[PDB]
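Letter by letter, the chains look like this.
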There are 2 protein chains.
Amino acid sequence: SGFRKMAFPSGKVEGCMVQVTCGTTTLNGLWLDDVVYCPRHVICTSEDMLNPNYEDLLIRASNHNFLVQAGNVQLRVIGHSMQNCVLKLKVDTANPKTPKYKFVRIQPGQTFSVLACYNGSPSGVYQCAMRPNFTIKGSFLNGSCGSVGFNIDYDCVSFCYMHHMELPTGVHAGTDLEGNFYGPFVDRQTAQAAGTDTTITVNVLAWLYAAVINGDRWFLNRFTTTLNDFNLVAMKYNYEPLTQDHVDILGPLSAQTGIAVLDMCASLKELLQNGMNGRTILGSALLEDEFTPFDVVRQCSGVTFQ
Amino acid sequence: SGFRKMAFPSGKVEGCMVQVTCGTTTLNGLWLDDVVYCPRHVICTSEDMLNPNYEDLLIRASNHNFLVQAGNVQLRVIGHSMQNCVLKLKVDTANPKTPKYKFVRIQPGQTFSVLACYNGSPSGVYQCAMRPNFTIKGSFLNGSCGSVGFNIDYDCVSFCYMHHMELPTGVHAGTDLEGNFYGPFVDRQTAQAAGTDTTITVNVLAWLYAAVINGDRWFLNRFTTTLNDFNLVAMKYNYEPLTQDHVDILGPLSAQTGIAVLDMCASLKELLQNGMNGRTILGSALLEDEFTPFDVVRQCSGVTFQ
């Protein structure tokens, strides 16, 4: 059995990553059909980064100012348009490795695998999720722009993330493939801090069910609690308010293990007021909120007795 | 910034995964050139994992019994050989997606990425480590046999693991691509179990070294201690004794850092009693030992792989 933080096979995405260069700046781009997507701050320099006028920079730019590299073969740019905060570079040849894809703007709390890239080549793949403050706790260095996040459903690659910047607190912020940012962020050089990062309550509960399958059944309580008793009382270290939509998707995990959704919420009420003197849970020490209820069933193909 | 447990881009490996079927059992196989590698226990139906004669079943079974299937086209096997504990099938045509591969055997302590596959189709990829007891705490389900572990240098894929079975204790055991098991395990399912597991000391120091490279500073101090006395507490606790070569491997981690290898020993001997009076230690308030120093520099630099 076992349970680990897995990521989707990044193979289908590697075939779409290319290198985009504009002047002295070099970052990654997503090659889909005959269009190359990348963050729009590639056409900017250091002097004009205080308050860039992308409309002015885009028009005054040229097609040959962009140097798109697909591995070692250079791609010819025939047109350039801007959609919000992502740049669309139209090329002459379509990407033969284009997989069936879609653009999905995920909500804060959902997970997705990221493919970190540098100079158009993939470096690594990891799983993560958007924090409540519309940020991600990924790992990026200089030249990581263009690193996309994605999920794979059946066989279609649902892109959702497009890395742009890194907050001074260490976290990262990005957009979707349509160019809309995630959170109160804008791509310009100004005093821009992150926000209050709480905790994904629903993910924590799901992570508990994942542990119950692989042994670890010593954190079950027999005193369910209501809604306000889990919010106005169980919010000492900031936890996202659980809604009646979370218990809907937690059904399969509840009918599988046998622990009611409301009953599992009482388990956290005991751990959030005490903790452990050294007793580990599944694998980690602090509650992991990086596993959605869909990730658990995805990796714990258990049967739900009825 | 940021430090995640990344896995290698599995693209070059996904193109080598096929579905091997013999009789009624179907497990995964690695298609490299015109040879398909898969566990030897594919020729053994679910009624022979006790003491079956393999060289007798191999010469008895012909080529029509096997059924190798790629993405959508079925292959044709010609020669079937058994090397140690891997069933080699010499197919008709060679895999056009064959990368510059390489069969290497890793000793307990090194890390590698695992590509989980079912029915010849990848499903997930994660990063793990070879435990001191010659096992891995991976995530596998029924039908995952044949899934391989690999490392990438740049253009070369270093295969090092092939899943064969799961032990009753939850961990998983397998072989290299030469067919030799990791540890005193056998393919015939008996009452075999893994030994006592220990924590990799060199990997914890390499991980604690990245914490400083990132910016986390609160558990640091300076109480020098040479290579003599630290082994006392390392063996009394549940840790692998820090050998002499482990110090030389941490060399490059001290060049672009300046901290002495013997300096971090004072910070580790104190975080094993008082608990976590601070909690935040690069995320996850516990000792992580699945970061080999060779992979800590690659994530703190930007080493890409094609």
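Structural data are supplied above this passage.
Trainee: What's the story with helix α3 (residues 201-213) of chain A in this structure? I'm lost.
Mentor: What sets the pattern is the α-helix's 3.6 residues per turn: residues three or four places apart point alike. All names here are of chain A. With respect to burial, α3 is a largely interior element, 12 of its 13 residues being buried. The set of residues buried in α3 consists of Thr201, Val202, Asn203, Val204, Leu205, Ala206, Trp207, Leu208, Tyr209, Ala210, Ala211 and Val212. For α3, the secondary structure elements touched by its buried residues are α4 (246-249), α5 (251-257), α6 (261-271) and α7 (293-299). Positive backbone phi, at 65°, marks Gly215, one or two positions downstream of α3.

Trainee: How should I be thinking about the interface of chain B and chain A in this particular structure?
Mentor: Often, the extent of an interface is quoted as the loss of accessible area upon association of its parts. On the side of chain A, 40 residues touch chain B, which itself brings 40 residues to the contact. A buried area of about 2,900 Å², summed over both sides, lies between chain B and chain A, and 50% of it is on carbon and sulfur atoms. Contact with chain A buries surface across chain B, with B:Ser1, B:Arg4 and B:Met6 losing the most and accounting together for 24% of the total. Across the chain B-chain A interface, the total number found is two salt bridges. In this structure, the salt-bridge partner of B:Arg4 is A:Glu290, at a minimum N-O distance of 3.5 Å. Summed over the shared surface of chain B and chain A, the number is 20 residue pairs in polar contact. Mapped by element, the contributors of at least two residues to the side of chain B that touches chain A are α1 (11-14) and β9 (121-129) of chain B. If one sorts the elements of the side of chain B that touches chain A by residue count, β9(B) sits on top with seven residues. When grouped by side-chain class, the residues that make up the side of chain B that touches chain A number 17 nonpolar, 16 polar and seven charged.

Trainee: Looking at this structure, I do not really get the packing of α3(A) against α6(A). What am I missing?
Mentor: Helix-helix packing is characterised by the crossing angle of the two axes and by the distance between the axes. Residue and element names in this part refer to chain A. Where α3 meets α6, the axes come as close as 10 Å, and the angle between the chain directions of the two elements is 95°. With respect to α6, the axis of α3 lies roughly perpendicular. On α6, the residues that touch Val204, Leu205, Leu208 and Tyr209 of α3 are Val261, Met264, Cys265 and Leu268. Here the contact of α3 with α6 is composed, by residue class, of eight nonpolar, no polar and no charged.

Calculation criteria
Residues numbered from 1 in each chain as written, not as in the entry; some residues may be left out. Chains lettered and ligands numbered in written order. Heavy atoms only, no water. Buried < 20%, exposed > 50% of the residue type's maximum accessible area, 1.4 Å probe, protein only. Helix = DSSP H or I, 4+ residues; strand = E, 2+ residues; numbered from the N terminus. Contact = heavy atoms within 4.5 Å. Buried area = accessible area lost by both parts, 1.4 Å probe. Salt bridge = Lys/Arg side-chain N within 4 Å of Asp/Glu carboxyl O. Polar contact = N/O pair within 3.5 Å; in protein donor to acceptor, adjacent residues only side chain to side chain. Nonpolar A, V, L, I, M, F, W, Y, C, P; charged D, E, K, R; others polar. Axes fitted to C-alpha atoms, helices over the stretch in contact; angles between N-to-C directions. Parallel < 35°, antiparallel > 145°, perpendicular 65-115°, else oblique.

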